[PDB]
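Asker: Residue numbers (the deposited numbering): -2 to 182, 182A, 183 to 717, 721 to 908. Every residue, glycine too, gets a C-beta built ideally from N, C-alpha and C.
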Amino acid sequence: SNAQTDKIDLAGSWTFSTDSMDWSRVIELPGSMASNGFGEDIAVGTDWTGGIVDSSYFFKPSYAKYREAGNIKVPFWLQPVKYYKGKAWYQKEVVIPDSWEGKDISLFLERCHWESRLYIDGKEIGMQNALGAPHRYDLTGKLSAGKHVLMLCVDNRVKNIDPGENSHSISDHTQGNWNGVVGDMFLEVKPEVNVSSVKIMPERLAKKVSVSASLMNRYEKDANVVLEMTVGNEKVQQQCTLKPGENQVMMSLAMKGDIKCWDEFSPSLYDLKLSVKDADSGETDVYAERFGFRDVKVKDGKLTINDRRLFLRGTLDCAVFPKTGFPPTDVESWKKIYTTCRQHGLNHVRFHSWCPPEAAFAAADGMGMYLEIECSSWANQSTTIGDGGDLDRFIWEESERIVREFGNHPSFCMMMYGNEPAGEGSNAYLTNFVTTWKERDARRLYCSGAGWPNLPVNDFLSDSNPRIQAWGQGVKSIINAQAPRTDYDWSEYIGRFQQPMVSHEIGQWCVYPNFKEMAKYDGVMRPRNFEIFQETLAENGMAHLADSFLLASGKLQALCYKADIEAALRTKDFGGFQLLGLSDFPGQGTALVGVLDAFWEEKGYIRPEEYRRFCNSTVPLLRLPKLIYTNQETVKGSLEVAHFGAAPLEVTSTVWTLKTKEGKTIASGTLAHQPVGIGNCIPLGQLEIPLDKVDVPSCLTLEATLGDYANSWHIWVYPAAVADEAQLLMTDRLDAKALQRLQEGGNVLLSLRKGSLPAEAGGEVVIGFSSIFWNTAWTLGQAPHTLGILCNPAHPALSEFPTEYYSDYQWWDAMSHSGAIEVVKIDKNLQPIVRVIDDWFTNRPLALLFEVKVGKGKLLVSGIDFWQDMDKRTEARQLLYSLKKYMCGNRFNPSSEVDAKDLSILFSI
Ligand SMILES: O=C(CO)[C@@H](O)[C@@H](O)[C@H](O)CO
Ligand SMILES: [Cl-]
Ligand SMILES: [Cl-]
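1) Closer than 6 Å by C-beta to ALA776: which residues in its own chain qualify, once you throw out the five before and the five after it? Chain order, please.
2) Considering only the alpha carbon of each residue, which of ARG22, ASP560, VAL637 and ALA554 lies closest to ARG603?
3) What do you get for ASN68, buried or exposed, if any count of 16 or more other CB atoms within 10 angstroms of its CB means buried?
4) Check whether the segment 795 to 814 touches the segment 659 to 678, taking contact to mean three or more Cβ pairs, one atom from each stretch, closer than 8 Å.
5) Would you identify the three-state DSSP class for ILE167, choosing helix, strand or coil?
6) Beta carbon of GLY310, beta carbon of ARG346: below 9 Å?
7) DSSP three-state call for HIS132: helix, strand or coil?
8) In whole angstroms, what separates the C-alpha of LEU618 from that of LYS568?
9) Check each candidate in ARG400, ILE49, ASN174 and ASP101 and name the one with the smallest Cα separation from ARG214.
10) So what's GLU162 in DSSP terms, helix, strand or just coil?
11) Closest to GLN377 by CA distance: which of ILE49, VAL822 and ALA760 is it?
12) For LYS273, which residues of its own chain have a beta-carbon under 6 Å away from its beta-carbon, when the five flanking residues on both sides are left out?
13) Less than 7 Å between C-beta atoms, sequence neighbours within five positions excluded: which residues of the same chain meet that for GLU393?
14) Taking the alpha-carbon positions, what's the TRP709 to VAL835 distance?
15) Can you look up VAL690 in the DSSP assignment and give me helix, strand or coil?
16) Decide if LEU786 is buried, meaning its Cβ has at least 16 other Cβ atoms within 10 Å, or exposed.
17) Kindly indicate which three-state DSSP category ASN243 falls into: helix, strand or coil?
18) So who's on the other strand from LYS204, going by DSSP bridges?
19) Count the CB pairs spanning the segment 426 to 444 and the segment 397 to 412 that are closer than 8 Å, and state whether there are at least three.
20) Tell me which residues share the same chain as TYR489 and place their Cβ nearer than 7 Å to its Cβ, disregarding the 5 neighbours each side in the sequence.
21) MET497 by DSSP, collapsed to three states: which one?
22) Spell out the partners DSSP gives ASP281 in its beta bridges.
23) Can you round the beta-carbon distance between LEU789 and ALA548 to whole angstroms, since I take them to be within the 8 Å contact cut?
24) Under a criterion of Cβ closer than 5 Å to any non-hydrogen atom of ligand 3, which residues qualify, in chain order?
25) Assuming residue 719 is part of the alpha helix (DSSP H), what are its boundary residues?
26) Quick one: does the C-beta of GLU598 sit closer than 8 Å to a heavy atom of ligand 1?
27) What is the chain-ordered set of residues for which the beta carbon lies under 7 Å from any non-hydrogen atom of ligand 1?
28) If you compare alpha carbons, which of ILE39, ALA40, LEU7 and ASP38 is closest to residue 718?
29) Using the three-state DSSP reduction, which class does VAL520 fall into: helix, strand or coil?
30) Suppose the cutoff is 7 Å on Cβ atoms and the five residues either side in sequence are ignored; what does the same chain contact list for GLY470 look like?
31) When every heavy atom of ligand 2 is checked, does at least one fall within less than 8 Å of the C-beta of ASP734?
32) Let me have the residue list for ligand 2: C-beta closer than 6 Å to any non-hydrogen atom, ordered along the chain.
33) What does the alpha-carbon distance come out to for the pair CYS337 and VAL591?
34) Looking only at its chain, what residues have a beta carbon closer than 7 Å to the beta carbon of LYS657, apart from the 5 residues adjacent to it on each side?
35) Measuring only the C-alpha atoms, how far is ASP19 from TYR87?
36) Pull up the DSSP beta-bridge partners for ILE93, would you.
What follows is the structure in structure tokens.
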């Protein structure tokens, strides 16, 4: 029966108009125009908000069917149901009680997009233009008792202030340039002496709580007030005199008992109550907020929380919410995201060029997540920062709004201006920005911007260099250019700095689109891009491979993230990393770089428990120089641990096992070591495993268990050391000797020299071992163009080559010494022995191995070069042996007949 009589909830039906003349429709708030079905239909000439790097949609004939009216499908991001970028008017009648007359009145709008102007009965009151903070209007003396008509004019266009066309606060890459009001919307009444805002400053070691409160005195004379502050059983009361207007009082509170600190492993929170009581009127205004005791500091060039060494395992949030476009303002929505993040072993979230609503901070407070917030800007491409533009003052005002609203949350641990800044005066601007904030508020750590610039005044550094795949690196990266290994780290680069460093947007490994998730898009955003990819896949006769492409490419994607994350954990005294990402990025051409979809939900190729094995607060790490051995070699490696738990791990023993796929233990041992303290690169022991007893070509799993934490790695062991040119002819060209053998009915193995495959037959496909980087649209075709392999292990051609249906490290040699053959240009019904998964933008049937029948003879075609450096390629010799034993065997009968001249497309002069 209790009610909130001091507020008037404004959520409901508003009279709507896009020209302030036609008021024939009604809109529902909270919500956008798009979430209400209002706006214009998506057309080719839609004035989007964000860059489009690959413009093939507008010009190439393959997108012609998607440029016609009635079938507009856009490939570069999720497509909203409607679009509108301009002024919109919202109107609603309210009834102000008599008891509100002459009192403190204010309007609260949690999220507008973008600029809002308030009118009371046609009289303009003021303007608000916050992107990542609420809109507030002081209505004291401006709103009398009785019926009144509130009107809002919300403008979502980019005008004087361009924060960056790709900023996730406005851009159609993720959140979309919506128009409306979202979140809590209410009128609030307060006594003539009230609390406007509170800055909470807990002192962990001093056992104190300091508060700088902004008090309001609506009287025209001085006011005698009583100020009571309560934190649990501790109370401090204070009587002072308030001058007319705003007042800045500062109070302290001593904590008698022990203080429970806030961190990843124990997110303890305290309740603060601050009340002000006017002595004349007896009216009391009460303010309440949660807070936590924690100190995130840089001690001796290393990140610490509460004097404990800290390591950040983070992922990005780019305001992706396809159900609504605009962000959710409930705690449960964010509780889900933080929960699945922690389920994958993460403790950190970076918000890319936008600030989330209050619920994201409150959820992270109880979860113990470390948040890094940015000020709604990616000042590049379209604009610039630090050159005297209107953006310069906006970022200052936006950061002050963000710290005033959310600065008391313990999860607010780091802050930057935004992402990847541009501007000749941006270094100077960001230097003043970081320096001033470090002086204003020491409750958090500050960095200039994400990715760059490294300023000496930064608390920590954000750098993109310490990662596997750099922009433009392509096939020259470690994962692609060198044989598999797990003994590399970034310790050399980060050793050049006296500041802690956090990786910037690591991973970016792609998966094939998951068409099953298309049913989840029942809201504002529709996956029309997925509809294009799915249609072209079917047009190339591969509609039945959609789920296999998802699972096979996802197994390879998860392998790449494991490699990137373990490389960061092997870097001594690394500050941390920020994944891009755990979830998908639906924009910038379609950057499917996550093991979770745009809804932070699972896809089905890696379980969070398996992700948590290599990405966790305590992770065993194995350093091996290679992963391909013979029965005459000895596995020589080292075992270490990256332990960043709440306390040292009281374990003096590590147990390792080398087991087969069936579970049989080939080797095992126990490593003795001292108790594990907080840090990484902590040695556990050395491994020296002879492999003479390993029979047959085998894939072995090396698992290491430290206490409750276990991690595993794969190695492949082959024999140390089926051919007679009469029976099997292997050649690089279909010459006279090869064509004669096929006329005679013999068997021929065609192995193409690497680089000899002409562009017509698939030479244009730059094949590599890793997954695609970001996406070939945004990168304008950076290598690789492939997404792993797809094969049937039960195929007799692979009987001597251990493998699953998906790509793994033993396939690095195949992907690195080959070209992908476009088999449709030979015969459209050709079934590959080992298929290559092509980029989803092209959906070309690709193959590394296939077989055809040329007359009476049988031909096995291989895009893999089985010629060069075969003494160093142990895994290539094994695959070649498996093929030769198959061809000389009983079950080599190619059914697809083809002519000799049809195969001439594999050669050029
Ligand atoms: O450099 C990067 C990495 O953030 C790209 O986002 C840009 O180069 C875009 O291609 C600019 O359009
Ligand atoms: Cl031979
Ligand atoms: Cl054909």
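Answerer: Working from what's here:
1) So the list reads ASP51 and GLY585, once near-sequence residues are dropped.
2) The candidate whose alpha carbon is nearest that of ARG603 is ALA554.
3) Per the 10 Å Cβ criterion, exposed.
4) No: fewer than three Cβ pairs fall under 8 Å.
5) In the structure shown, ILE167 sits in coil (DSSP, three-state: anything other than H, G, I, E or B).
6) Yes, the pair counts as a contact, with Cβ atoms nearer than the cut-off.
7) Reduced to three states, the DSSP call for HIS132 is strand.
8) Cα to Cα, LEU618 sits roughly 14 Å from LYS568.
9) The candidate whose alpha carbon is nearest that of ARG214 is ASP101.
10) Reduced to three states, the DSSP call for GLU162 is coil.
11) When C-alpha distances from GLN377 are compared across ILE49, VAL822 and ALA760, the shortest belongs to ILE49.
12) Hits under 6 Å: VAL222 and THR280.
13) The beta carbon of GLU393 is closer than 7 Å to none in its chain, skipping five residues each way along the sequence.
14) Straight through space, the alpha carbons of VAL835 and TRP709 are spaced by roughly 24 Å.
15) Residue state, collapsed to three classes: coil.
16) So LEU786 ends up on the buried side.
17) Strand.
18) According to DSSP, residue pairing for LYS204 in a beta bridge involves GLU199 and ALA250.
19) The segment 426 to 444 is in contact with the segment 397 to 412.
20) Within the same chain, Cβ atoms closer than 7 Å to the Cβ of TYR489 are found at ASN461 and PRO462, the five residues on either side in sequence being excluded.
21) Collapsing the DSSP output to three states places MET497 in a strand.
22) Answer by DSSP bridge pairing, in chain order: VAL272.
23) That pair is a contact at about 5 Å.
24) Output, sorted by chain position: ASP826 and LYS827.
25) Examination of the chain shows a numbering gap from 717 to 721; residue 719 is inside it and therefore has no coordinates.
26) Taking non-hydrogen atoms of ligand 1 into account, the C-beta of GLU598 is found less than 8 Å away from none of them.
27) Sorted by position in the chain, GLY48, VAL50, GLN377, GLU416, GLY447, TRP467 and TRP777 make up the residues whose C-beta lies under 7 Å from a heavy atom of ligand 1.
28) Here the chain breaks off after 717 and picks up again at 721, leaving residue 718 without coordinates.
29) Reduced to three states, the DSSP call for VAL520 is coil.
30) Cβ within range, chain order: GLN781 and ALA782.
31) False, no ligand heavy atom lies under 8 Å from that Cβ.
32) Counting only beta-carbon distances shorter than 6 Å to the non-hydrogen atoms of ligand 2, the qualifying residues in chain order are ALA722, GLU724, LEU727 and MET729.
33) Rounded to the nearest angstrom, the two C-alpha atoms are 11 Å apart.
34) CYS695, listed in sequence order.
35) Distance between the alpha carbons of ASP19 and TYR87 is about 12 Å.
36) As DSSP reads the structure, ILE93 sits in a beta bridge with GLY143.
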